[PDB]
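S.K.: First the structure, then my questions, so here it is.
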Amino acid sequence: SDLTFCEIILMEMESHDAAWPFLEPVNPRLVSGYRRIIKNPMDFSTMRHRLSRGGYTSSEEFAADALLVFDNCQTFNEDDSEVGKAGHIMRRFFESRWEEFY
Ligand SMILES: CCc1c(-c2csc(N3CCN(CC4CCN(CC)CC4)CC3)n2)[nH]c(C)c1C(C)=O
């Protein structure tokens with residue numbers, strides 16, 4: 001039951017218009033400084049893989065990874081940058097969709 005909702009949230013985040021920065025892991029060879037700054041990278045396809053394996057024991061673990069995506073986003077990108085702007089839309093989407101399930 002706790003896993004069923006995450007399947008919905010993740011499917012909705014995957015297809016959201018503002019999801020394009022977060023569908024695959026950041027390629028640190030292409031982003032000067034990323035590895036130095038972001039110690040725990042996270043993205044939607046990693047969460048999708050972990051969910052497929054069943055590696056989420058609880059609903060809160062899924063939420064921790066989701067928040068980590070947007071913490072990393074706000075750590076590295078300016079709020080007015082094109083990736084920052086998308087991260088805020090996705091972050092607000094996740095929080096508001098999380099709260100109508102829990
Ligand atoms: C600033 C760099 C950064 C990004 C970023 C910048 S551009 C981009 N991608 C990701 C993948 N995407 C795949 C294509 C190919 C397939 N499709 C074609 C139909 C369209 C999309 C291409 C654009 N990701 N994301 C994050 C979290 C960042 C940081 C530093 O936090």
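All residue names refer to the structure tokens as shown: chains lettered A, B, ... in order, residues numbered from 1 in each chain, ligands numbered from 1 in order.
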Once you count only C-alpha atoms and all ligand atoms, what closest atom pair and distance in Å to one decimal does each residue of chain A within 8 Å of ligand 1 have, with rows by chain and rising residue number, as a Markdown table?

M.R.:
```
| residue | atom | partner | partner_atom_place_in_ligand_line | distance |
| --- | --- | --- | --- | --- |
| A:20 | CA | ligand 1 | 10 (C) | 5.8 |
| A:21 | CA | ligand 1 | 25 (N) | 3.8 |
| A:22 | CA | ligand 1 | 27 (C) | 5.1 |
| A:23 | CA | ligand 1 | 11 (C) | 6.5 |
| A:24 | CA | ligand 1 | 11 (C) | 6.2 |
| A:25 | CA | ligand 1 | 27 (C) | 7.3 |
| A:26 | CA | ligand 1 | 26 (C) | 5.6 |
| A:30 | CA | ligand 1 | 2 (C) | 8.0 |
| A:31 | CA | ligand 1 | 30 (C) | 6.1 |
| A:34 | CA | ligand 1 | 30 (C) | 6.3 |
| A:43 | CA | ligand 1 | 27 (C) | 7.6 |
| A:69 | CA | ligand 1 | 27 (C) | 7.7 |
| A:72 | CA | ligand 1 | 31 (O) | 6.7 |
| A:73 | CA | ligand 1 | 31 (O) | 4.9 |
| A:74 | CA | ligand 1 | 31 (O) | 8.0 |
| A:76 | CA | ligand 1 | 31 (O) | 5.8 |
| A:77 | CA | ligand 1 | 31 (O) | 6.0 |
| A:82 | CA | ligand 1 | 1 (C) | 7.8 |
| A:83 | CA | ligand 1 | 1 (C) | 5.8 |
| A:84 | CA | ligand 1 | 31 (O) | 7.7 |
| A:87 | CA | ligand 1 | 27 (C) | 7.9 |
```

S.K.: Let's have the selection written as a CSV table (one decimal), in the first residue's frame, with C-alpha atoms.

M.R.:
```
chain,number,residue,atom,x,y,z
A,20,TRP,CA,13.6,16.8,-18.0
A,21,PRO,CA,16.6,17.6,-15.7
A,22,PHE,CA,16.0,14.7,-13.4
A,23,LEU,CA,15.3,11.7,-15.7
A,24,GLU,CA,18.9,10.4,-15.7
A,25,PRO,CA,21.9,10.9,-13.4
A,26,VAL,CA,23.9,14.0,-14.0
A,30,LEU,CA,29.8,17.4,-18.5
A,31,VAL,CA,29.2,19.5,-15.4
A,34,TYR,CA,29.4,18.5,-9.8
A,43,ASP,CA,17.6,11.1,-10.0
A,69,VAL,CA,16.9,15.1,-5.9
A,72,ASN,CA,21.0,18.5,-4.7
A,73,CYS,CA,19.2,20.7,-7.4
A,74,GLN,CA,19.0,23.7,-5.0
A,76,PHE,CA,24.2,23.2,-7.3
A,77,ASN,CA,21.9,25.4,-9.4
A,82,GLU,CA,16.8,26.9,-16.1
A,83,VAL,CA,17.4,23.8,-14.1
A,84,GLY,CA,16.8,25.5,-10.8
A,87,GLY,CA,13.6,21.8,-9.7
```

S.K.: Identify all residues of chain A in alpha helix (DSSP H) (DSSP on the backbone) and supply them as a PyMOL selection string.

M.R.: chain A and resi 2-15+34-37+44-53+59-76+82-99

S.K.: Considering only C-alpha atoms, return as a list in words whatever protein or nucleic-acid residues lie within 12 Å of residue 66 in chain A, sequence-local ones (same chain, fewer than 5 positions apart) excluded.

M.R.: residues 6, 9, 10, 13, 14, 22, 41, 42, 43, 44, 45, 46, 47, 48, 59, 60, 61, 71, 72, 73, 87, 90, 91, 92, 93, 94, 95, 97 and 98 of chain A

S.K.: Now that the selection is made, can you save its residues with C-alpha atoms as a PDB file, in the first residue's frame?

M.R.:
```pdb
ATOM      1  CA  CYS A   6       5.100   5.913  -4.692  1.00  0.00           C
ATOM      2  CA  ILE A   9       3.978   9.732  -7.628  1.00  0.00           C
ATOM      3  CA  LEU A  10       7.031   8.488  -9.507  1.00  0.00           C
ATOM      4  CA  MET A  13       7.019  12.919 -11.801  1.00  0.00           C
ATOM      5  CA  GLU A  14       8.513  10.911 -14.680  1.00  0.00           C
ATOM      6  CA  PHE A  22      16.035  14.676 -13.443  1.00  0.00           C
ATOM      7  CA  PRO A  41      23.598  12.257  -6.367  1.00  0.00           C
ATOM      8  CA  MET A  42      20.034  11.091  -7.049  1.00  0.00           C
ATOM      9  CA  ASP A  43      17.644  11.051  -9.993  1.00  0.00           C
ATOM     10  CA  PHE A  44      14.323   9.574 -11.099  1.00  0.00           C
ATOM     11  CA  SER A  45      15.688   6.580 -13.038  1.00  0.00           C
ATOM     12  CA  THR A  46      17.727   5.542  -9.974  1.00  0.00           C
ATOM     13  CA  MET A  47      14.548   5.689  -7.876  1.00  0.00           C
ATOM     14  CA  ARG A  48      12.738   3.762 -10.614  1.00  0.00           C
ATOM     15  CA  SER A  59       7.278   5.051   2.048  1.00  0.00           C
ATOM     16  CA  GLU A  60       9.582   7.432   3.935  1.00  0.00           C
ATOM     17  CA  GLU A  61      12.687   6.011   2.253  1.00  0.00           C
ATOM     18  CA  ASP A  71      18.157  19.345  -2.306  1.00  0.00           C
ATOM     19  CA  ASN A  72      20.985  18.535  -4.749  1.00  0.00           C
ATOM     20  CA  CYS A  73      19.247  20.697  -7.352  1.00  0.00           C
ATOM     21  CA  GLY A  87      13.561  21.832  -9.748  1.00  0.00           C
ATOM     22  CA  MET A  90       9.118  19.518  -9.472  1.00  0.00           C
ATOM     23  CA  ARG A  91       9.791  20.007  -5.761  1.00  0.00           C
ATOM     24  CA  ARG A  92       6.444  21.751  -5.220  1.00  0.00           C
ATOM     25  CA  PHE A  93       4.737  19.084  -7.329  1.00  0.00           C
ATOM     26  CA  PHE A  94       6.218  16.325  -5.167  1.00  0.00           C
ATOM     27  CA  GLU A  95       5.376  17.977  -1.858  1.00  0.00           C
ATOM     28  CA  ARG A  97       1.276  15.258  -4.303  1.00  0.00           C
ATOM     29  CA  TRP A  98       2.899  13.660  -1.273  1.00  0.00           C
TER      30      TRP A  98
END
```

S.K.: Please compute the CA of residue 8 in chain A-CA of residue 55 in chain A distance, one decimal, in Å.

M.R.: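 It comes out at 16.7 Å.
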
S.K.: What is the CA of residue 5 in chain A to CA of residue 56 in chain A distance in Å?

M.R.: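 Interatomic distance, CA of residue 5 in chain A to CA of residue 56 in chain A: 12.3 Å.
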
S.K.: CA of residue 100 in chain A and CA of residue 68 in chain A, how far apart in Å?

M.R.: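 Taking CA of residue 68 in chain A as the start and CA of residue 100 in chain A as the end point, the length is 20.2 Å.
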
S.K.: With distances taken over only C-alpha atoms, which residue among A:101, A:75, A:16, A:81 lies nearest residue 36 in chain A?

M.R.: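 Result for the nearest residue to residue 36 in chain A: A:75.
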